[PDB]
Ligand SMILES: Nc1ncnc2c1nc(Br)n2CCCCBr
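Listed next as structure tokens is one chain, alone, in the form deposited without the ligand.
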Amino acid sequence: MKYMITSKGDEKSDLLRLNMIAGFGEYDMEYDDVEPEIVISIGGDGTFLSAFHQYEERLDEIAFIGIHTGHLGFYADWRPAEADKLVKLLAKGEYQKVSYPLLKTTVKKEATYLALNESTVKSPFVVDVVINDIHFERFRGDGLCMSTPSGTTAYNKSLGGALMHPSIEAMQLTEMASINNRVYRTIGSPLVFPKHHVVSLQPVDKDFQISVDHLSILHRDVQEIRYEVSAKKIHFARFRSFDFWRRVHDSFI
């Protein structure tokens, strides 16, 4: 199989990039960063973020792997002392792959991103929430956050959103300081949506701050923002059982 490695960029990660590279040169594994069927990030979820987004249009046949140098996070499954084991288990092609859902933002011709964590909207902020073409509330406040299961441990969590197991195929909207009065009556609860439900947020300025994962692009004169579970998923090469609730224990308790 072909492969490529990204680095956090500190000397110890680059140092393990090159060692892993020379580790792989002995097996039937070639190095490719334009068409890799295996992608490695060194340095944690924030860097894992960039790898994911560096190969969005070949997400379909890439098998991601992550190494994190300190604590574990939620995307890295691996310690750098354990690279040596990884290099030979990967060569042997001894890995099962796992699908996590993604969240498609649509802007309105139109723009259209992917999101492994979340996606937010700000910029006096007043937007009409429309679920499956049927109005649901009129929201005044800071913003809204649509987040993926994998994203529920992140800004989701800090907004009162629930922690979801990544395998569940869903999205979840949470408010950001909703005023919630007579005029602008909002649910308060977070809203956990399934595949094929579309939430469309529609204006009442039209120039919002729209951040996909971390990239915030300010958009101009927006006629609609539309969120939904994406048909594309993301695949992790896995060698051992993952324990989501453990890592939630570990990060927070």
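Just count from 1 along the sequence shown to find any residue number.
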In this entry, is the chain continuous from residue 218 to residue 219, or are deposited residues missing in between (none, 1 to 3, 4 to 9, 10 or more)? none
Can you say how many deposited residues have no coordinates in the span between residue 178 and residue 179, choosing none, 1 to 3, 4 to 9, or 10 or more? none
Can you tell me whether 4-12 has a higher mean C-alpha B factor than 242-250 in this record, or the other way round? 4-12
Please compare 44-52 with 206-214 and name the stretch with the higher mean C-alpha B-factor in the deposited structure. 206-214
Specify which of 142, 110, 137, 169 carries the largest Cα B factor in the deposited PDB entry. 110
From the entry's CA B-factor values, the highest among 165, 79, 104, 157 is 79
By its CA B factor, does residue 229 count among the lowest, middle or highest third of the modelled residues in the chain? lowest
Please say which third, lowest, middle or highest, residue 185 falls into when its CA temperature factor is compared across its chain. middle
Split into thirds by Cα B-factor across the chain's modelled residues, where does residue 194 land: lowest, middle or highest? lowest
Using only modelled residues of the chain, where does the Cα B factor of residue 118 rank: lowest third, middle third or highest third? lowest
Lowest, middle or highest third - CA B-factor, residue 100: lowest
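The same protein also has a form solved in complex with the ligand, omitted here; what follows describes it.
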Counting any non-hydrogen atom inside 4.5 Å, which residue from 71, 135, 97, 88 sits next to the ligand in the entry with it bound? 71
Only one of 224, 45, 56, 37 has a non-hydrogen atom within 4.5 angstroms of the ligand in the entry with it bound; which is it? 45
Can residue 49 be called a contact residue for the ligand in the entry with it bound at 4.5 Å between heavy atoms? yes
With a cut-off of 4.5 Å between heavy atoms, is residue 117 one of the residues that contacts the ligand in the entry with it bound? yes
How about residue 105 - does it come within 4.5 Å of the ligand in the entry with it bound, if we only consider non-hydrogen atoms? no
Partner proximity in the entry with it bound: residue 153 to the ligand, non-hydrogen atom cutoff 4.5 Å: yes
Can you pick the stretch from 193-201, 37-45, 24-32, 224-232 whose heavy atoms fall within 4.5 Å of the ligand in the entry with it bound? 37-45
